[PDB]
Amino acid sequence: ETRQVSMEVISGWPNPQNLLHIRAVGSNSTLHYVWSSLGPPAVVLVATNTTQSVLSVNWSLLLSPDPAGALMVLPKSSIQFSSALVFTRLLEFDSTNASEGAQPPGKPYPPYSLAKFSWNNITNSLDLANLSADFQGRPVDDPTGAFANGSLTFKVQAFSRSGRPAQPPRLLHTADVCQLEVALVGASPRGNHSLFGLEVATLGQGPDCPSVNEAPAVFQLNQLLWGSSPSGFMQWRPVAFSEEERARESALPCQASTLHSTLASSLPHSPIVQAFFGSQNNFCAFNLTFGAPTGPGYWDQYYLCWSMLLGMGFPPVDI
């Protein structure tokens, strides 16, 4: 029902990187979220049955060629659930002549690997009164200048208790979730009629992948459960916004592809996931694509915002 939330930015030398540890302590449990921009933006989610679990970070090992074991939650015997979510690629499709709801949504351009981005230092963004921080980035190699005045931002917010923000999309949170907002702002598309998207990968349980469980889109709710509750989950509305003020008229559909079992080798390499889990090959990946071929788009103001919740336990009953 309520949790005491601590947030720390954890730094090292050499080769400083953005690492954010959110620790939400209940009466007999802790939820740990470890967010990082070392490699593609990733979060490691760990649920423990003690109010005293701790995160250990070995920075030199985390930055080495074999980082397995560099991140740990201790004691290991207290871990009830652990998994990860990785944002691997920023996708772009030319939708000229495509139909709404097509798969793929358009003719794909070469995706931007989010492992090849550089990021601002998150220390400055950390806002302890709002329990938030953000990771803002752009490609390291941008020969076309597409991000000369553009960035992709991942804003993370934790919660101490249940509530429903006033700002659209007004997802109901509990103390068992973080909210993530992803915003693409001011980057140049590579042609007209571009639809943007994100490739998302989760760490699966066994060989096979869960399905998305599904009123205008602003009152709809999609949910992905890692396993039967209590367990990891993500929830979002199938809407994104193409204007910063998120006027209803700026709403765009957010379509999710089916989840595909995916090998590590088909995704950008994550040192964070490998540090916590060792070498693993059971990922589940899907593409989220924003917008239709006509109507509002990223093309209006070069703005796209999408929000989701990520949590452990029972999902918020958002009804």
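For every residue, the number given is its place in the sequence shown, counted from 1.
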Using none, 1 to 3, 4 to 9 or 10 or more, say how many deposited residues go missing between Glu214 and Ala215. 4 to 9
Hey, which bit's got the bigger mean C-alpha B factor in the entry, 148 to 156 or 97 to 105? 97 to 105
Higher average CA B factor in the deposited record is what I'm after, so tell me if that's 139 to 147 or 163 to 171. 139 to 147
From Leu128, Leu114, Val182, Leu71, can you pick the one with the highest C-alpha B factor in the entry? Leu128
Splitting the chain's C-alpha B-factors into thirds, which one does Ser11 fall into? highest
Sorting the chain's modelled residues by C-alpha B-factor, tell me whether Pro65 ends up in the lowest, middle or highest third. highest
Chain thirds of CA B-factor: placement of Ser78: middle
State the tercile, meaning the lowest, middle or highest third, of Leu259 with respect to the CA B-factors recorded for its chain. middle
What third of its chain, lowest, middle or highest, does the C-alpha temperature factor of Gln205 fall into? highest
